[PDB]
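Peer 1: Let me give you the complex in parts, starting here:
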Amino acid sequence: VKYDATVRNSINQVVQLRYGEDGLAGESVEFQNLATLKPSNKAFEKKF
Amino acid sequence: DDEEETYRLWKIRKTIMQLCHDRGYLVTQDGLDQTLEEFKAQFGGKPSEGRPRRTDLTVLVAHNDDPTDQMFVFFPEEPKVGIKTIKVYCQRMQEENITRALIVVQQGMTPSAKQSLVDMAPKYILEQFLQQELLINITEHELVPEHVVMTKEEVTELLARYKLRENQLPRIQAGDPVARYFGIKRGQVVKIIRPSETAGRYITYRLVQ
Amino acid sequence: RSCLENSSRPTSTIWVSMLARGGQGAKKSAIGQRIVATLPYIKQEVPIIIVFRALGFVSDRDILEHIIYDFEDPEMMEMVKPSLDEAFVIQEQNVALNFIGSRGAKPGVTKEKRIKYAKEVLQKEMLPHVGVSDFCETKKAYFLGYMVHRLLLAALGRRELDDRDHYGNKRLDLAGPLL
């Protein structure tokens, strides 16, 4: 990872524009749930 | 069978229409969605010893911005397209004064013919397409993401924003199926937008070189 | 693998193989599966009926008596039809030794040097455990016919292929044989 937050090799060729497509390291992340994917439309409207 | 080959011609015409729409040319909506029965009514029902003889399937299309771009498509009669057939097609290209064309070969053309396509390349753009390749649209596959062709000003703005040279971009070959579908050439940059598992959306730029 | 009862002739092995019918060609498709033999100190393979005729058995009925022990079994003869057709153009015994003698370690300058060299290969280096001297070539024909007969039984599926990891098929070289 270079200082433009791009991921480059020794030839300075761009492999990824951001690391992991989001620019986040792998230590601070956790499994979560969206809670907006797969309720029915009526239930989603009532809940939100 | 004859019905199978009629279906083959209809499906390959639909793929040509989708390709011409995706390349930026002007096609009608009903031309985009033709049914098998409508195609049979328009062109004939039995192509063997019958009306649709692979000659009347040539299509006139023009670009949206410029009405004089005037790209054609051609369906050669013989399965093995040669220098004689390509010379006839290029001479015809010369009197109707157009610059770009597609050739839909049945199975394959001769190496001398495909070299003559390279020799004729600067003045006239000739692209080889097999009938097996065009039997389905590869851009509708779930593996293939969306490809957008970038303009020169957009490429210049991109390289100025990221402070990059053209060498440092990822590459895509000119013989790539998507590259040949879009008719892209060397030096142009294609823009790929794909869904991301971690960030939702990710945009990748690839140089055709 | 054949040895002269652990007294001399350290390594002497023979391969009798049946080539596959998957070969793509006009000649390959018509014949079927031929049977070939690989002999020691010979550069390339030899057809199996050439070796039998080189031992002095000229008529193919005498060849098939040593290979097939019951002529009333019909399925056995179709596996040896292309072997006879491949070796059809050689009929005389000394021609067969000339055929084998052309494929030695070095080709002989004279023809009779090749025939003499092919004869001593079939005496000394061809199955030494059966015999080495004089009229043991008659005993060599039965064992060579037995090897072909065992090859046909595995090809017909009437016997199971031998597995190499069976340790009854192994011998232990102790200090005696080692020294």
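Peer 2: It's in. Numbering: from 1, shown residues only, chains lettered A, B, ... in the order given.
Peer 1: any chance you could map the helices in chain C?
Peer 2: C:26-31, C:48-54, C:60-67, C:81-86, C:93-101, C:111-120, C:137-155, C:175-178 (DSSP state H).
Peer 1: Let me have those helices in CSV, extended by distance to chain B and mean neighbour count.
Peer 2: Backbone N, C-alpha and C define where each C-beta goes, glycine included. Putting the helices of chain C into CSV (distance: least, Cβ to the nearest Cβ, whole Å; neighbours: other Cβ atoms under 10 Å in any protein chain shown) gives the following:
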stretch, distance to chain B, mean neighbour count
helix C:26-31, 25, 11
helix C:48-54, 45, 25
helix C:60-67, 50, 18
helix C:81-86, 37, 18
helix C:93-101, 45, 20
helix C:111-120, 49, 16
helix C:137-155, 41, 17
helix C:175-178, 63, 7
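Peer 1: CSV please, covering those helices and showing distance to residue B:63.
Peer 2: CSV is the format used below for the helices of chain C (distance: least, Cβ to Cβ, whole Å):
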stretch, distance to residue B:63
helix C:26-31, 56
helix C:48-54, 74
helix C:60-67, 79
helix C:81-86, 67
helix C:93-101, 76
helix C:111-120, 80
helix C:137-155, 69
helix C:175-178, 88
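Peer 1: For whichever residue of chain B sits closest to chain A, which non-adjacent residue is spatially closest?
Peer 2: Closest contact between chain B and chain A, by Cβ to the nearest Cβ, is at residue B:199 (3.8 Å). Among residues not flanking residue B:199 along the chain, residue A:22 sits closest, at 3.8 Å (Cβ to Cβ, 6 or more residues apart in numbering or on different chains).
Peer 1: Another chain to add, chain D:
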Amino acid sequence: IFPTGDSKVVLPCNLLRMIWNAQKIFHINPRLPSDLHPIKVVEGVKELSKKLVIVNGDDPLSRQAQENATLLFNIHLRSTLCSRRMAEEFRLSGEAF
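Peer 2: Same chains as before, plus chain D:
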């Protein structure tokens, strides 16, 4: 983005545990009416979303890159920090928010 309806997604900040921590720190009583305004919730979520920066710059390409990089986390944040769930489920106060 997600066919087959799979909701288990790896994301940096654990918003449910952060809400629980806020409830325990600020002694939130879930059986009393709150003093948190939904407009304050919406404006705070918007101003927080403007502060999670991955790609800098005011170029349109930079703005598109920022939106694409922070899309999934912003969707999760707006879903779990919405005004109805703040009023009815978590019942936070202004200081806790």
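Peer 1: Just want the most central residue of chain B.
Peer 2: Nearest to the geometric centre of chain B sits residue B:181, at 4.6 Å (Cα atoms, centre = their mean).
Peer 1: my guess is that one meets residue B:140, correct?
Peer 2: No - Residue B:181 is beyond contact range of residue B:140, at 11.1 Å (criterion: Cβ atoms under 8 Å).
Peer 1: residue ranges of the strands in the chain, please?
Peer 2: You didn't say which chain, so I picked chain A. Along chain A, counting by DSSP state E, strands occupy A:7-8, A:14-16, A:30-33.
Peer 1: I was after chain D.
Peer 2: Under DSSP E, chain D gives strands at D:8-11.
Peer 1: what's the answer for chain B, then?
Peer 2: Under DSSP E, chain B gives strands at B:59-61, B:71-74, B:100-105, B:125-130, B:146-149, B:171-172, B:189-196, B:200-208.
Peer 1: Pipe those strands into CSV and attach mean neighbour count and distance to residue C:139 per row.
Peer 2: As requested, the strands of chain B are arranged in CSV below (neighbours: other Cβ atoms under 10 Å in any protein chain shown; distance: least, Cβ to Cβ, whole Å):
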stretch, mean neighbour count, distance to residue C:139
strand B:59-61, 16, 83
strand B:71-74, 20, 78
strand B:100-105, 21, 68
strand B:125-130, 17, 66
strand B:146-149, 15, 78
strand B:171-172, 16, 73
strand B:189-196, 17, 77
strand B:200-208, 19, 76
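Peer 1: add chain E to the structure above, sequence below:
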Amino acid sequence: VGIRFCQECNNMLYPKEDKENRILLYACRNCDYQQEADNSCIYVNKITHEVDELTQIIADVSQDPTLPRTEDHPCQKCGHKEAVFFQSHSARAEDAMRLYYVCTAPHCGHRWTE
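Peer 2: Let me put chain E in with the others:
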């Protein structure tokens, strides 16, 4: 389907055309002997290759100590109660675990399947 040899030099006879009498003949390739063909068929192969394995069972297997033997099925000719049984006992034998029965009686050897 069978192979017949020459009666002069004991070589293999080959089938060939008799173009005037319009009859199949077998002739030796190494001499001039010719023999009229009675079967009038030359080449045949059974692709499914279904064969009765009872012809491939030697009657001597009744003396094997390792084969199992049963008492429920008697022999058909001599009516002996004891008889050994075994499976197909060969490779490329398609898919069947069918038992083959051999009577273990002296001066017998009748073979039957069930």
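Peer 1: in stretch A:26-34, what's buried?
Peer 2: A:29, A:32, A:34 (16 or more other Cβ atoms under 10 Å in any protein chain shown).
Peer 1: actually stretch A:34-48, sorry about that
Peer 2: A:34, A:35, A:36, A:37.
Peer 1: mind listing what residue C:93 touches?
Peer 2: Counting by Cβ atoms under 8 Å, 6 or more residues apart in numbering or on different chains, residue C:93 touches C:53, C:54, C:56, C:58.
Peer 1: ok, now which ones touch the first one?
Peer 2: Yep, that's residue C:53 we're talking about. C:63, C:87, C:90, C:91, C:93, C:96.
Peer 1: Please repeat the previous calculation with a cut-off of 10 Å.
Peer 2: C:47, C:59-60, C:62-63, C:87, C:90-93, C:95-97, C:99 (Cβ atoms under 10 Å, 6 or more residues apart in numbering or on different chains).
Peer 1: try the third one
Peer 2: Listed by Cβ under 10 Å, 6+ apart, the contact set of residue C:56 reads C:62, C:93, C:96, C:122, C:137, C:138, C:141.
Peer 1: For residue D:67, see how far away the third one is.
Peer 2: The one in question is residue C:96. Separation of residue C:96 from residue D:67 (Cβ to Cβ, to the nearest Å): 86 Å.
Peer 1: Setting aside sequence neighbours, what's the nearest residue to the closest residue to chain D within chain A?
Peer 2: Here chain A gets closest to chain D at one residue, residue A:38, 4.1 Å apart by Cβ to the nearest Cβ. Nearest in space to residue A:38, with sequence neighbours left out and distances taken as Cβ to Cβ, 6+ apart, is residue D:5 at 4.1 Å.
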